[PDB]
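Structure file coords_11.pdb with PDB, C-alpha atoms and all ligand atoms:
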```pdb
ATOM      1  CA  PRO J 632     140.561 108.932 113.673
ATOM      2  CA  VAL J 633     138.736 112.230 113.341
ATOM      3  CA  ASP J 634     136.118 112.407 110.560
ATOM      4  CA  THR J 635     135.572 108.666 110.077
ATOM      5  CA  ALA J 636     132.490 106.561 110.700
ATOM      6  CA  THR J 637     132.080 103.984 113.450
ATOM      7  CA  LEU J 638     129.445 101.310 113.987
ATOM      8  CA  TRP J 639     127.436 101.484 117.218
ATOM      9  CA  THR J 640     125.274  98.364 117.527
ATOM     10  CA  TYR J 641     122.466  98.112 120.092
ATOM     11  CA  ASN J 642     120.640  94.934 121.131
ATOM     12  CA  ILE J 643     117.358  95.272 123.039
ATOM     13  CA  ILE J 644     115.496  92.679 125.127
ATOM     14  CA  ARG J 645     111.870  92.853 126.293
ATOM     15  CA  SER J 646     110.742  91.225 129.534
ATOM     16  CA  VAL J 647     107.598  89.691 128.001
ATOM     17  CA  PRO J 648     107.426  88.523 124.365
ATOM     18  CA  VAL J 649     105.340  90.475 121.875
ATOM     19  CA  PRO J 650     101.875  88.871 121.513
ATOM     20  CA  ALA J 651     102.101  86.089 118.956
ATOM     21  CA  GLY J 652      99.047  87.091 116.928
ATOM     22  CA  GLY J 653      99.495  90.839 117.131
ATOM     23  CA  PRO J 654     101.541  93.154 114.949
ATOM     24  CA  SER J 655     105.243  93.774 115.355
ATOM     25  CA  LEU J 656     106.198  96.236 118.055
ATOM     26  CA  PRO J 657     107.649  99.226 116.182
ATOM     27  CA  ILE J 658     110.466 101.102 117.915
ATOM     28  CA  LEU J 659     112.332 104.297 117.077
ATOM     29  CA  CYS J 660     115.815 104.464 118.580
ATOM     30  CA  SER J 661     117.049 108.039 119.044
ATOM     31  CA  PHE J 662     120.807 108.297 119.415
ATOM     32  CA  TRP J 663     123.222 110.971 120.655
ATOM     33  CA  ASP J 664     126.807 110.123 119.756
ATOM     34  CA  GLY J 665     128.272 111.587 122.957
ATOM     35  CA  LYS J 666     130.483 114.232 121.325
ATOM     36  CA  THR J 667     128.146 116.667 119.525
ATOM     37  CA  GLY J 668     125.654 118.974 121.286
ATOM     38  CA  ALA J 669     124.189 118.370 124.730
ATOM     39  CA  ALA J 670     121.588 115.680 123.686
ATOM     40  CA  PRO J 671     117.817 116.147 124.047
ATOM     41  CA  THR J 672     116.638 116.605 127.625
ATOM     42  CA  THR J 673     112.962 115.729 127.041
ATOM     43  CA  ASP J 674     111.066 113.007 125.214
ATOM     44  CA  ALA J 675     109.989 115.653 122.700
ATOM     45  CA  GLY J 676     113.630 116.204 121.769
ATOM     46  CA  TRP J 677     114.252 112.468 121.451
ATOM     47  CA  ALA J 678     111.152 112.114 119.257
ATOM     48  CA  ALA J 679     112.223 115.047 117.079
TER      49      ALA J 679
ATOM     50  CA  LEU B1843     135.082  91.986 104.968
ATOM     51  CA  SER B1844     136.210  94.466 102.323
ATOM     52  CA  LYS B1845     133.620  97.227 102.736
ATOM     53  CA  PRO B1846     132.408  97.372 106.354
ATOM     54  CA  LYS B1847     128.854  97.975 107.529
ATOM     55  CA  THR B1848     129.613 101.709 107.668
ATOM     56  CA  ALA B1849     129.927 101.701 103.857
ATOM     57  CA  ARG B1850     126.530 100.120 103.068
ATOM     58  CA  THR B1851     124.891 103.039 101.251
ATOM     59  CA  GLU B1852     121.766 101.150 100.168
ATOM     60  CA  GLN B1853     118.333 101.996 101.557
ATOM     61  CA  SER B1854     116.042  99.440 103.180
ATOM     62  CA  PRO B1855     113.035  98.009 101.334
ATOM     63  CA  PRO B1856     109.379  98.445 102.438
ATOM     64  CA  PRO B1857     107.374  95.923 104.533
ATOM     65  CA  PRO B1858     105.180  93.203 102.944
ATOM     66  CA  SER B1859     101.902  94.571 101.540
ATOM     67  CA  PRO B1860      98.857  93.077 103.272
ATOM     68  CA  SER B1861      97.159  89.758 102.473
ATOM     69  CA  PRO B1862      94.019  89.718 100.289
ATOM     70  CA  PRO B1863      90.456  89.417 101.691
ATOM     71  CA  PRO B1864      88.584  86.067 101.851
ATOM     72  CA  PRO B1865      85.956  84.887  99.312
ATOM     73  CA  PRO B1866      82.207  85.459  99.893
ATOM     74  CA  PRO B1867      79.649  82.877 101.096
ATOM     75  CA  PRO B1868      77.784  80.997  98.319
ATOM     76  CA  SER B1869      74.704  83.038  97.306
ATOM     77  CA  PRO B1870      71.247  81.899  98.467
ATOM     78  CA  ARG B1871      68.891  80.166  96.011
ATOM     79  CA  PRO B1872      65.955  81.380  93.915
ATOM     80  CA  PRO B1873      62.542  80.917  95.647
ATOM     81  CA  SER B1874      60.893  77.569  94.846
ATOM     82  CA  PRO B1875      57.689  77.386  92.799
ATOM     83  CA  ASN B1876      54.069  77.207  94.020
ATOM     84  CA  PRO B1877      51.699  74.229  94.178
ATOM     85  CA  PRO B1878      49.352  73.820  91.145
ATOM     86  CA  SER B1879      46.382  76.224  91.060
ATOM     87  CA  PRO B1880      43.175  74.547  92.268
ATOM     88  CA  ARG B1881      40.636  73.435  89.617
ATOM     89  CA  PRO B1882      37.337  75.311  89.254
ATOM     90  CA  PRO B1883      33.807  74.314  90.362
ATOM     91  CA  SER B1884      31.901  71.435  88.741
ATOM     92  CA  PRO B1885      28.623  72.205  86.939
ATOM     93  CA  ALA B1886      25.582  70.673  88.700
ATOM     94  CA  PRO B1887      23.556  68.121  86.721
ATOM     95  CA  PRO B1888      20.660  68.857  84.300
ATOM     96  CA  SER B1889      17.780  70.941  85.703
ATOM     97  CA  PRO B1890      14.539  68.962  85.928
ATOM     98  CA  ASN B1891      11.638  69.404  83.487
TER      99      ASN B1891
HETATM  100  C1  LIG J1901      62.858  75.379  94.857
HETATM  101  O1  LIG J1901      63.212  73.940  95.118
HETATM  102  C2  LIG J1901      64.447  73.725  95.900
HETATM  103  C3  LIG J1901      64.148  73.832  97.373
HETATM  104  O2  LIG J1901      62.762  73.693  97.586
HETATM  105  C4  LIG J1901      65.611  74.662  95.544
HETATM  106  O3  LIG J1901      66.537  74.651  96.632
HETATM  107  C5  LIG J1901      65.218  76.088  95.286
HETATM  108  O4  LIG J1901      64.915  76.746  96.545
HETATM  109  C6  LIG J1901      64.048  76.211  94.389
HETATM  110  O5  LIG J1901      64.428  75.794  93.061
HETATM  111  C1  LIG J1902     117.404  98.359 105.989
HETATM  112  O1  LIG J1902     117.891  97.439 104.899
HETATM  113  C2  LIG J1902     119.123  97.901 104.232
HETATM  114  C3  LIG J1902     119.682  96.761 103.429
HETATM  115  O2  LIG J1902     119.474  97.029 102.064
HETATM  116  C4  LIG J1902     120.203  98.387 105.199
HETATM  117  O3  LIG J1902     120.757  97.251 105.864
HETATM  118  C5  LIG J1902     119.648  99.326 106.225
HETATM  119  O4  LIG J1902     120.693  99.666 107.174
HETATM  120  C6  LIG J1902     118.519  98.707 106.953
HETATM  121  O5  LIG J1902     118.008  99.657 107.907
HETATM  122  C1  LIG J1903     101.896  97.168  99.760
HETATM  123  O1  LIG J1903     102.280  97.656 101.129
HETATM  124  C2  LIG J1903     103.740  97.695 101.313
HETATM  125  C3  LIG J1903     104.037  98.411 102.599
HETATM  126  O2  LIG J1903     102.890  98.381 103.416
HETATM  127  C4  LIG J1903     104.479  98.413 100.180
HETATM  128  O3  LIG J1903     104.315  99.823 100.349
HETATM  129  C5  LIG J1903     103.991  98.031  98.814
HETATM  130  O4  LIG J1903     104.541  98.964  97.849
HETATM  131  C6  LIG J1903     102.516  98.077  98.716
HETATM  132  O5  LIG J1903     102.131  97.627  97.403
HETATM  133  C1  LIG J1904      98.957  87.098 102.588
HETATM  134  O1  LIG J1904      99.748  88.132 101.825
HETATM  135  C2  LIG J1904     100.760  88.886 102.587
HETATM  136  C3  LIG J1904     101.820  89.321 101.619
HETATM  137  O2  LIG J1904     101.197  89.821 100.460
HETATM  138  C4  LIG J1904     101.452  88.076 103.676
HETATM  139  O3  LIG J1904     102.265  87.094 103.038
HETATM  140  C5  LIG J1904     100.477  87.381 104.569
HETATM  141  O4  LIG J1904     101.206  86.566 105.523
HETATM  142  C6  LIG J1904      99.601  86.466 103.813
HETATM  143  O5  LIG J1904      98.577  86.004 104.713
HETATM  144  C1  LIG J1905      75.081  85.864  95.861
HETATM  145  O1  LIG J1905      75.280  86.097  97.335
HETATM  146  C2  LIG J1905      76.697  86.012  97.723
HETATM  147  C3  LIG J1905      76.828  86.435  99.158
HETATM  148  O2  LIG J1905      76.836  85.290  99.979
HETATM  149  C4  LIG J1905      77.576  86.903  96.845
HETATM  150  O3  LIG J1905      78.300  87.806  97.679
HETATM  151  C5  LIG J1905      76.755  87.703  95.881
HETATM  152  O4  LIG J1905      75.887  88.593  96.635
HETATM  153  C6  LIG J1905      75.912  86.833  95.031
HETATM  154  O5  LIG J1905      76.781  86.083  94.160
HETATM  155  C1  LIG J1906      33.973  69.083  87.974
HETATM  156  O1  LIG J1906      34.722  70.179  88.682
HETATM  157  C2  LIG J1906      36.143  70.222  88.296
HETATM  158  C3  LIG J1906      36.267  70.967  86.996
HETATM  159  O2  LIG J1906      35.484  72.136  87.051
HETATM  160  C4  LIG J1906      36.757  68.826  88.139
HETATM  161  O3  LIG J1906      36.891  68.518  86.749
HETATM  162  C5  LIG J1906      35.934  67.755  88.798
HETATM  163  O4  LIG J1906      36.549  66.467  88.520
HETATM  164  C6  LIG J1906      34.522  67.710  88.338
HETATM  165  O5  LIG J1906      33.721  67.150  89.400
HETATM  166  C1  LIG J1907      18.584  72.933  87.436
HETATM  167  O1  LIG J1907      20.055  72.959  87.746
HETATM  168  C2  LIG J1907      20.556  74.339  87.730
HETATM  169  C3  LIG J1907      22.031  74.350  88.013
HETATM  170  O2  LIG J1907      22.558  75.605  87.649
HETATM  171  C4  LIG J1907      19.835  75.183  88.778
HETATM  172  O3  LIG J1907      20.071  74.624  90.071
HETATM  173  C5  LIG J1907      18.358  75.205  88.535
HETATM  174  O4  LIG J1907      17.720  75.821  89.686
HETATM  175  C6  LIG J1907      17.772  73.852  88.348
HETATM  176  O5  LIG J1907      16.451  74.023  87.796
END
```
Any chance you could give the structure as structure tokens?
Amino acid sequence: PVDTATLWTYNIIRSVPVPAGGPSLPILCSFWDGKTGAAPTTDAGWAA
Amino acid sequence: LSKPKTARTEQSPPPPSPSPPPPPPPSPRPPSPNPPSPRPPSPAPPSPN
């Protein structure tokens, strides 16, 4: 219903595994729920 | 489950702090001593008369 939370779960797969000795690959997932404003149109907006 | 994942109001905890440095190599060793100082000259025999 309107004004309740909902759980969106994303699973991501990389073609080649992260190097075993190196650091973890840090990702930032930017999310537009599909109902609010028009979503960022550039990578700068996604990174903001 | 009673309270779903949408109701987990806690905040995640930081990553592991780094691992300490290694120990140093054993220090060198104090310079070894010198060979005994050489004895002095040897007085020539009695002067003739
Ligand atoms: C002198 O004798 C030995 C080696 O000659 C020792 O390792 C030290 O270098 C010093 O005491
Ligand atoms: C980081 O950890 C906490 C758990 O306390 C929580 O699951 C957050 O959603 C997660 O990002
Ligand atoms: C060691 O580092 C981690 C994160 O890198 C954390 O902040 C600890 O508080 C710190 O002591
Ligand atoms: C040494 O310490 C950190 C945590 O403090 C981590 O476990 C490393 O894996 C270890 O090498
Ligand atoms: C002797 O040398 C070692 C280095 O190998 C140490 O760091 C200190 O300089 C001293 O204990
Ligand atoms: C004399 O010269 C030195 C001392 O000056 C040493 O004892 C020798 O044995 C002797 O010949
Ligand atoms: C006797 O011996 C001494 C040594 O000092 C010197 O050669 C003199 O010339 C000699 O007479």
* **One-decimal distance in Å that lies between CA of residue 1862 in chain B and atom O4 of ligand LIG 1902 (chain J)** => 29.3 Å
* Structure fact -> Students should find that atom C5 of ligand LIG 1902 (chain J) and CA of residue 647 in chain J are spaced 26.7 Å
Test item: chain J residues at most 7 Å from chain B, counting only C-alpha atoms, as an mmCIF file with C-alpha atoms, in the coordinates of the input:
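Saved to iface-v5.cif:
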```
data_model
loop_
_atom_site.group_PDB
_atom_site.id
_atom_site.type_symbol
_atom_site.label_atom_id
_atom_site.label_comp_id
_atom_site.auth_asym_id
_atom_site.auth_seq_id
_atom_site.Cartn_x
_atom_site.Cartn_y
_atom_site.Cartn_z
ATOM 1 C CA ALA J 636 132.490 106.561 110.700
ATOM 2 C CA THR J 637 132.080 103.984 113.450
ATOM 3 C CA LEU J 638 129.445 101.310 113.987
#
```
* Picked residues, the PyMOL selection byres (((not hetatm)) within 6 of (chain J and resi 1904)), expected as a PyMOL selection string -> chain B and resi 1858-1861
Quick one: residues within 10 Å of range 653-670 of chain J, only C-alpha atoms counted, chain neighbours fewer than 5 positions away excluded, as an mmCIF file with C-alpha atoms, keeping the file's coordinate frame?
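So result12.cif came out as:
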```
data_model
loop_
_atom_site.group_PDB
_atom_site.id
_atom_site.type_symbol
_atom_site.label_atom_id
_atom_site.label_comp_id
_atom_site.auth_asym_id
_atom_site.auth_seq_id
_atom_site.Cartn_x
_atom_site.Cartn_y
_atom_site.Cartn_z
ATOM 1 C CA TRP J 639 127.436 101.484 117.218
ATOM 2 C CA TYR J 641 122.466 98.112 120.092
ATOM 3 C CA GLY J 676 113.630 116.204 121.769
ATOM 4 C CA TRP J 677 114.252 112.468 121.451
ATOM 5 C CA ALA J 678 111.152 112.114 119.257
ATOM 6 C CA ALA J 679 112.223 115.047 117.079
#
```
* **Close residues to ligand LIG 1902 (chain J) using all atoms listed in the file, limit 9 Å, as a PyMOL selection string** => chain B and resi 1847+1850-1856
* Asked: When the cut-off is 6 Å and you count all atoms listed in the file, which residues lie near ligand LIG 1901 (chain J), shown as a list in words?
  -> residues 1871, 1872, 1873, 1874 and 1875 of chain B
* What residues have any atom no more than 9 Å from ligand LIG 1907 (chain J) when counting all atoms listed in the file, and can you list them as number ranges by chain? -> B: 1885-1891
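The set of residues that the PyMOL selection byres (((not hetatm)) within 7 of (chain J and resi 1906)) takes from this file is residues 1881, 1882, 1883, 1884 and 1885 of chain B.
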* Structure fact -> One decimal place gives the CA of residue 1843 in chain B-CA of residue 640 in chain J separation as 17.2 Å
Hey, could you pull the box centre and edge lengths for ligand LIG 1903 (chain J), axis-aligned, 8 Å padding per side, all listed atoms, to one decimal in Å, as AutoDock Vina command-line options?
```
--center_x 103.2 --center_y 98.5 --center_z 100.4 --size_x 18.6 --size_y 18.7 --size_z 22.0
```
* **Selection within 12 Å of ligand LIG 1905 (chain J) by only C-alpha atoms and all ligand atoms, output as a ChimeraX atom specification** => /B:1864-1872
Please, could N, CA and C atoms be added to range 648-671 of chain J and the result written as a CSV table (one decimal), in the frame of the given file?
```
chain,number,residue,atom,x,y,z
J,648,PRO,N,107.4,88.5,125.8
J,648,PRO,CA,107.4,88.5,124.4
J,648,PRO,C,106.2,89.3,123.8
J,649,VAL,N,106.4,89.8,122.6
J,649,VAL,CA,105.3,90.5,121.9
J,649,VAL,C,104.2,89.5,121.6
J,650,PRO,N,103.0,89.8,121.7
J,650,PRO,CA,101.9,88.9,121.5
J,650,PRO,C,102.0,88.2,120.2
J,651,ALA,N,101.8,86.9,120.1
J,651,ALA,CA,102.1,86.1,119.0
J,651,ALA,C,101.2,86.5,117.8
J,652,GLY,N,100.0,86.8,118.0
J,652,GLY,CA,99.0,87.1,116.9
J,652,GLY,C,99.0,88.5,116.5
J,653,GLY,N,99.5,89.4,117.4
J,653,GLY,CA,99.5,90.8,117.1
J,653,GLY,C,100.6,91.3,116.2
J,654,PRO,N,100.5,92.6,115.8
J,654,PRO,CA,101.5,93.2,114.9
J,654,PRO,C,102.9,93.2,115.6
J,655,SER,N,103.9,93.5,114.8
J,655,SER,CA,105.2,93.8,115.4
J,655,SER,C,105.2,95.0,116.2
J,656,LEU,N,106.1,95.0,117.2
J,656,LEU,CA,106.2,96.2,118.1
J,656,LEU,C,107.2,97.2,117.4
J,657,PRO,N,106.7,98.3,116.9
J,657,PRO,CA,107.6,99.2,116.2
J,657,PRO,C,108.3,100.2,117.1
J,658,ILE,N,109.7,100.3,117.0
J,658,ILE,CA,110.5,101.1,117.9
J,658,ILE,C,111.2,102.1,117.1
J,659,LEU,N,111.5,103.3,117.6
J,659,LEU,CA,112.3,104.3,117.1
J,659,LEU,C,113.4,104.6,118.1
J,660,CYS,N,114.7,104.3,117.7
J,660,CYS,CA,115.8,104.5,118.6
J,660,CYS,C,116.5,105.8,118.2
J,661,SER,N,116.4,106.7,119.2
J,661,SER,CA,117.0,108.0,119.0
J,661,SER,C,118.4,108.0,119.7
J,662,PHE,N,119.4,108.5,119.1
J,662,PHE,CA,120.8,108.3,119.4
J,662,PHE,C,121.6,109.6,119.4
J,663,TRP,N,122.3,109.8,120.5
J,663,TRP,CA,123.2,111.0,120.7
J,663,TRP,C,124.6,110.4,120.8
J,664,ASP,N,125.5,110.8,119.9
J,664,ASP,CA,126.8,110.1,119.8
J,664,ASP,C,127.7,110.4,120.9
J,665,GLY,N,127.4,111.3,121.8
J,665,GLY,CA,128.3,111.6,123.0
J,665,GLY,C,129.4,112.6,122.8
J,666,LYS,N,129.5,113.2,121.6
J,666,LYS,CA,130.5,114.2,121.3
J,666,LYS,C,129.9,115.5,120.8
J,667,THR,N,128.8,115.5,120.1
J,667,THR,CA,128.1,116.7,119.5
J,667,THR,C,127.3,117.3,120.6
J,668,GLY,N,126.4,118.2,120.3
J,668,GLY,CA,125.7,119.0,121.3
J,668,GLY,C,125.0,118.2,122.4
J,669,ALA,N,124.5,118.9,123.4
J,669,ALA,CA,124.2,118.4,124.7
J,669,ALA,C,123.1,117.3,124.8
J,670,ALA,N,122.6,116.7,123.7
J,670,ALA,CA,121.6,115.7,123.7
J,670,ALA,C,120.2,116.2,124.2
J,671,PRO,N,119.1,115.7,123.6
J,671,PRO,CA,117.8,116.1,124.0
J,671,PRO,C,117.6,115.8,125.5
```
